[PDB]
Amino acid sequence: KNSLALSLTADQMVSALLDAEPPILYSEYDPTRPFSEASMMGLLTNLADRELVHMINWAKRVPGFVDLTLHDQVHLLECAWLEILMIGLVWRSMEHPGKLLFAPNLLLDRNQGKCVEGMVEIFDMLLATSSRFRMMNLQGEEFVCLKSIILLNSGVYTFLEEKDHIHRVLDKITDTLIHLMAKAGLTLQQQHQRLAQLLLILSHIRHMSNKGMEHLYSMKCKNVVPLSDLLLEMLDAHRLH
Amino acid sequence: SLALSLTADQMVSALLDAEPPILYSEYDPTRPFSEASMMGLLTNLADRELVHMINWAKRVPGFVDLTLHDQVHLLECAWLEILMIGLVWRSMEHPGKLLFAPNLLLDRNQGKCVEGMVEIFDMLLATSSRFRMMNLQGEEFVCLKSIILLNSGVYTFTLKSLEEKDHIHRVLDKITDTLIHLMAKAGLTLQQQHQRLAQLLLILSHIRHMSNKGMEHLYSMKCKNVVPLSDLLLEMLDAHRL
Amino acid sequence: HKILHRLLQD
Amino acid sequence: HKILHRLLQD
Ligand SMILES: C[C@]12CC[C@H](c3ccc(O)cc3C(F)(F)F)C[C@H]1CC[C@@H]2O
Ligand SMILES: C[C@]12CC[C@H](c3ccc(O)cc3C(F)(F)F)C[C@H]1CC[C@@H]2O
């Protein structure tokens, strides 16, 4: 239907994405009690659950997303939800070297990740990604473009003309990223070099997601913490073992 | 070094010449497949491909400049991705089929022969259809495969090792310049160049995803002792720690 | 059915 | 000591 999404300027793309940004939520962190594996897992999954509700409504404001039938909408979110949580965490942890800002009242270092079995390996990967973004001086406008790319791209290969629509929007976001870099004064060569650097990081985010999904699954299968019904269904969408 | 002094054409030339051979499978006269029969051929093939991959990696510009430790880590992280993008590339002109070897061309229904492998086949085939629709060039392919080698493990490297990561990223930018050079030479406009570049790199996100799934599957087959795995293969699998 | 399915239309 | 070590050194 020619689509309002493709009829958006680069500046219109940025504005829409910036406005659609979800708020920063708080943790249920209680500083009166020590951390256990269960209580920390409970804290993080409780947070993820509430973030998921905002993510679903954020997705519907991502240009082109609601043009999809409900079944691919579900598919894309099921595939990318942990990736999206991770790029967001990594983004808001940027100016906190050696720490992960899950919430304004939940700032954790790798040593606190040791409280949960096998979670410190995940923290390390997230922290390294955060260092990479900080080293690159990742901009907010670039961040929202990347996060939308993750939503549209991660599950598109697991699906005609419906995939073509997604690719048209992805191309528009590519055009937007270049437009941003050009306005920032980057040379033509620096533009495609930076574009590549940012997109290659998405490969590591995918990797972190698959590892985090397996970890969350193993925690669930050992009754360490009860997951919400929504979280169980997002996790179940990946089968796993 | 020397990889930084290479021009766009010398990069393509170096990568094309560094290309490993297409190995054959020891498949057949004995006729059809069992679950153990097919897994045997696939693992035997992968093991022999690994030997050639290592010599290919050392011919990738800038790779031998790295420490032995870093070279090991990069190959440990990316070896299955490299196998997959290779399989996908040579299966491009065979819609609905995976060309593991010139004498081993399998369809997805033959993926059902092994427990939980048809899901992996489906992901590989869809990636191949994607490359086919993009009209992926051989020069673009060798660039992407080299990028996988250098990029997939670089994030999981405090010392003066900052010099190592900086070198890897300089070479990565070089391959990016090369990819763009190929597209510019192909007559693509500036907007089209950046779009195609983005399209190719986002596929690497799916390739990463397939490797993680494949590693888990290969691990599950390893534990039940359905198939004998070579010591080299077992070690590459062990590096991912489950 | 799925909660995600329901939430995507509320 | 790994096999990969030996193969990278030939
Ligand atoms: C409890 C886990 C660690 C926290 C994680 C999480 C939560 C909330 C976020 O806003 C971001 C993240 C994320 F780390 F993913 F970025 C969810 C799972 C994934 C792996 C562990 O089981
Ligand atoms: C036996 C498996 C299927 C074949 C696979 C393989 C082998 C050789 C290739 O040249 C490419 C592939 C690849 F499919 F990865 F592309 C290796 C493992 C991974 C998952 C299964 O256990």
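Residue numbers (the UniProt record's numbering), protein chains in the order written: chain A, 303 to 461, 469 to 550; chain B, 305 to 461, 465 to 549; chain C, 687 to 696; chain D, 687 to 696. Ideal placement from N, C-alpha and C gives every residue a C-beta, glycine not left out.
Next on the checklist: Using a 10 Å radius around the Cβ and a threshold of 16 neighbouring Cβ atoms, would you call B:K467 buried or exposed?
Outcome noted: To locate residue 467 of chain B, count along the second sequence from 1; it is residue 160. Classification for B:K467: exposed.
Checklist entry - Which runs of the alpha helix (DSSP H), 4 residues or longer, sit entirely within the segment 308-354 of chain A? => result Counting whole runs of 4 or more residues, the segment 308-354 of chain A contains the alpha helix (DSSP H) stretches 312-321.
Checklist entry - Is B:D369 helix, strand or coil when you go by DSSP? => result Against the second sequence, residue 369 of chain B aligns to sequence position 65. When secondary structure is reduced to three states using DSSP, B:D369 falls in the coil class, being assigned neither helix nor strand.
Checklist entry - Since B:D538 meets chain D, which of its residues come closer than 9 Å, beta carbon to beta carbon? => result Reading the second sequence from its first residue, position 231 is the one you call residue 538 of chain B. For B:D538, the residues of chain D that pass the 9 Å Cβ criterion are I689, in the order they occur in the chain.
Item to check | Per DSSP, cross-strand counterpart(s) of residue 463 of chain B | outcome: Coordinates for residue 463 of chain B are absent; the numbering of chain B skips from 461 straight to 465.
Checklist entry - What are the boundary residues of the alpha helix (DSSP H) that includes A:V478? => result Taking the first residue of the first sequence as position 1, residue 478 of chain A is located at position 169. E471 to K492 is the span of the alpha helix (DSSP H), which, as asked, contains A:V478.
Item to check | Heavy atom of ligand 1 within 8 Å of A:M343 beta-carbon | outcome: For this step, residue 343 of chain A is matched to residue 41 along the first sequence. Under cutoff, so the answer is yes.
Checklist entry - When the cut-off is 9 Å and only beta carbons count, does A:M388 lie next to chain B? => result Within the first sequence, residue 388 of chain A is the residue found at index 86, counting from 1. Interface criterion not met: the Cβ of A:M388 is under 9 Å from no Cβ in chain B.
Item to check | Three-way DSSP call (helix, strand, coil) for A:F461 in this model | outcome: Within the first sequence, numbered from 1, the residue matching residue 461 of chain A stands at position 159. Coil, per DSSP.
Checklist entry - Which bits of chain B does A:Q498 rub up against, with CB to CB less than 8 Å? => result Residue 498 of chain A sits at position 189 when you count from the first residue of the first sequence. In chain order: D484.
Item to check | Same chain, Cβ closer than 8 Å to B:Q506, five either side skipped, listed in chain order | outcome: Locating residue 506 of chain B in the second sequence gives position 199, where the first residue counts as 1. Apart from sequence neighbours up to five positions away, the residues of its chain that approach B:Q506 with a beta-carbon distance below 8 Å are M438, ordered along the chain.
Next on the checklist: Assuming B:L453 and B:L378 are in contact, meaning their beta carbons sit under 8 Å apart, how far apart are those beta carbons, in whole angstroms?
Outcome noted: Your numbering for residue 453 of chain B matches position 149 in the second sequence. Your numbering for residue 378 of chain B matches position 74 in the second sequence. Right, the Cβ-Cβ distance comes to about 6 Å (below 8 Å), so this counts as a contact.
Item to check | Cα-Cα separation between A:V422 and A:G442, rounded to whole angstroms | outcome: For the purposes of this step, residue 422 of chain A is identified with residue 120 of the first sequence, where counting begins at 1. For the purposes of this step, residue 442 of chain A is identified with residue 140 of the first sequence, where counting begins at 1. Their Cα atoms are separated by approximately 27 Å.
Checklist entry - Would the C-beta of B:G521 count as close to ligand 2, meaning under 8 Å from any of its heavy atoms? => result Sequence index remark: in the second sequence, residue 521 of chain B carries index 214 (1-based). Result yes, Cβ under 8 Å from ligand 2.
Next on the checklist: Given 8 Å as the limit, tell me if B:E353 has its C-beta closer than that to any heavy atom belonging to ligand 2.
Outcome noted: Residue mapping note: residue 353 of chain B aligns to position 49 of the second sequence, counting from 1. Checking the Cβ of B:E353 against ligand 2 gives yes.
Checklist entry - Which of the three DSSP states, helix, strand or coil, is assigned to B:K520? => result As a first step, residue 520 of chain B must be located in the second sequence, where it is residue number 213. Per DSSP, reduced to three states, the secondary structure at B:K520 is helical.
Checklist entry - Where does the unbroken alpha helix (DSSP H) through A:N455 begin, and where does it stop? => result One-based indexing of the first sequence puts residue 455 of chain A at position 153. Where A:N455 is concerned, the enclosing alpha helix (DSSP H) starts and stops at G442 to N455.
Checklist entry - Can you name the start and end residues of the alpha helix (DSSP H) that D:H691 belongs to? => result One-based indexing of the fourth sequence puts residue 691 of chain D at position 5. Note, D:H691: alpha helix (DSSP H), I689 to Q695.
Next on the checklist: Looking at B:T431: is its Cβ nearer than 9 Å to the Cβ of B:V392?
Outcome noted: For the purposes of this step, residue 431 of chain B is taken as residue 127 along the second sequence, with counting starting at 1. For the purposes of this step, residue 392 of chain B is taken as residue 88 along the second sequence, with counting starting at 1. A contact, by the Cβ cut-off of 9 Å.
Checklist entry - Using a beta-carbon distance below 9 Å, is B:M522 in contact with chain D? => result For the purposes of this step, residue 522 of chain B is identified with residue 215 of the second sequence, where counting begins at 1. Chain D, which has no Cβ nearer than 9 Å to the Cβ of B:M522, makes this no.
Next on the checklist: Between B:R515, B:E380, B:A318 and B:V478, which has its C-alpha nearest D:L693's C-alpha?
Outcome noted: Here residue 693 of chain D corresponds to residue number 7 of the fourth sequence, with the count starting at 1. Taking only the C-alpha atoms, the option nearest D:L693 is B:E380.
Checklist entry - Just to confirm, are B:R412 and B:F425 a CB contact at a threshold of 9 Å? => result As a first step, residue 412 of chain B is located in the second sequence; it is residue number 108 there, counting from the start. As a first step, residue 425 of chain B is located in the second sequence; it is residue number 121 there, counting from the start. B:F425 is positioned such that its CB atom lies closer than 9 Å to that of B:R412.
Next on the checklist: Once DSSP output is grouped into helix, strand and coil, what is the label at A:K362?
Outcome noted: Residue 362 of chain A sits at position 60 when you count from the first residue of the first sequence. In this structure, A:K362 counts as coil in the three-state DSSP scheme.
Next on the checklist: Just to confirm my understanding: we take A:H474, look at its own chain, exclude 5 residues before and 5 after, and list those with CB closer than 8 Å. What are they?
Outcome noted: The residue labelled residue 474 of chain A in the question sits at position 165 within the first sequence. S305, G366, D369 and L370, listed in sequence order.
Checklist entry - Does the beta carbon of residue 466 of chain A fall short of 8 Å from some heavy atom of ligand 1? => result The gap in chain A between 461 and 469 takes in residue 466 of chain A, so it carries no coordinates here.
Checklist entry - In chain D, which residues lie less than 9 Å from B:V376 when you measure between Cβ atoms? => result As a first step, residue 376 of chain B must be located in the second sequence, where it is residue number 72. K688, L690, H691 and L694, listed in chain order.
Checklist entry - How about A:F404: is its Cβ closer than 8 Å to a heavy atom in ligand 1? => result Translated into positions along the first sequence, residue 404 of chain A becomes position 102. Distances between the C-beta of A:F404 and the heavy atoms of ligand 1 include at least one below 8 Å.
Item to check | From A:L544, A:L539 and A:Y328, residue whose alpha carbon lies closest to that of A:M528 | outcome: Position 219 of the first sequence, counted from the first residue, corresponds to residue 528 of chain A. Measuring from the Cα of A:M528, the nearest candidate turns out to be A:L544.
Checklist entry - Among B:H547, B:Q498 and B:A382, which residue has its Cα nearest to the Cα of B:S450? => result On the second sequence, position 146 is the one that residue 450 of chain B refers to. Comparing alpha-carbon positions, the option among B:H547, B:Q498 and B:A382 lying closest to B:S450 turns out to be B:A382.
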